[PDB]
Amino acid sequence: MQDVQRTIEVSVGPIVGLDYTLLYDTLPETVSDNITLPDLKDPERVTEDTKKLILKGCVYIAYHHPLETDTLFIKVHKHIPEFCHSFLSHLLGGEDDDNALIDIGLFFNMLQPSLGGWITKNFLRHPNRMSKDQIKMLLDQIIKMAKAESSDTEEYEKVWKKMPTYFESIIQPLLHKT
């Protein structure tokens, strides 16, 4: 017995301000059933498939976000973009470079088999012009395509190396769509 409850320390992890117990509890049960709470704090140890599970759950709760002034938003959703930056950076091999400019034309070509029916270069440059559903489709497709070892050197250099920051810039406006 004796309060077999979480300590206050367990809510603190590497991203400052993020309440990790609240993140764990907010994620859908199909994610939290299949990870541990310490997994959220240590992407480097997590398998590629489990990173993708976590990232998809983050997109889901970012889509279903509370108001920006809600305490839940301040402790969880506000930090999802940095959290995804970290998980995507580790997924892709950790050699991301913010001095690179993401090649929108190449990324547009990469998306043709999946999103070709509606995606545009203008949407890719200005994600706030997309709807909530369009952003979620793009984020989900990025997670699906992402790999620990890129099979195309040009896509890696020109797209995946800037993708943690590009993804962060796409999921951020999702948090403020009504």
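Above this note sits the structure.
Procedures and definitions
- Residues numbered from 1 in each chain as written, not as in the entry; some residues may be left out.
- Heavy atoms only, no water.
- Helix = DSSP H or I, 4+ residues; strand = E, 2+ residues; numbered from the N terminus.
- Buried < 20%, exposed > 50% of the residue type's maximum accessible area, 1.4 Å probe, protein only.
- Contact = heavy atoms within 4.5 Å.
- Expected span 1.5 Å × (residues − 1).

## Quick word on the environment of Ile 61
Then step 1. Within the secondary structure, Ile 61 sits in helix α4 (residues 48-63).
Then step 2. The exposure class of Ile 61 is buried, given its relative accessible area of 3%.
Then step 3. The sequence separation of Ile 61 and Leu 175 amounts to 114 residues, and the corresponding C-alpha distance is 9.1 Å.

## A closer look at the side chain of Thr 50
Then step 1. Relative to the elements of secondary structure, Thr 50 occurs in helix α4.
Then step 2. Apart from residues no more than four positions distant in its own chain, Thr 50 is found in contact with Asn 34 and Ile 35.

## Description of unusual backbone geometry
Then step 1. In this structure, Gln 2 is a non-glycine residue whose phi angle is positive, near 60°.
Then step 2. Along the chain, the position of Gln 2 falls in the segment before α1 (20-26).

## Things to note about helix α12 (residues 163-174)
Note that an α-helix has 3.6 residues per turn; residues three or four places apart therefore point the same way.
Then step 1. Between the first and last C-alpha of α12 there are 17 Å, a value that for 12 residues agrees with the 16 Å anticipated at 1.5 Å per step.
Then step 2. Along α12, the residues that are buried comprise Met 163, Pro 164, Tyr 166, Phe 167, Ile 170, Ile 171, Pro 173 and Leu 174.

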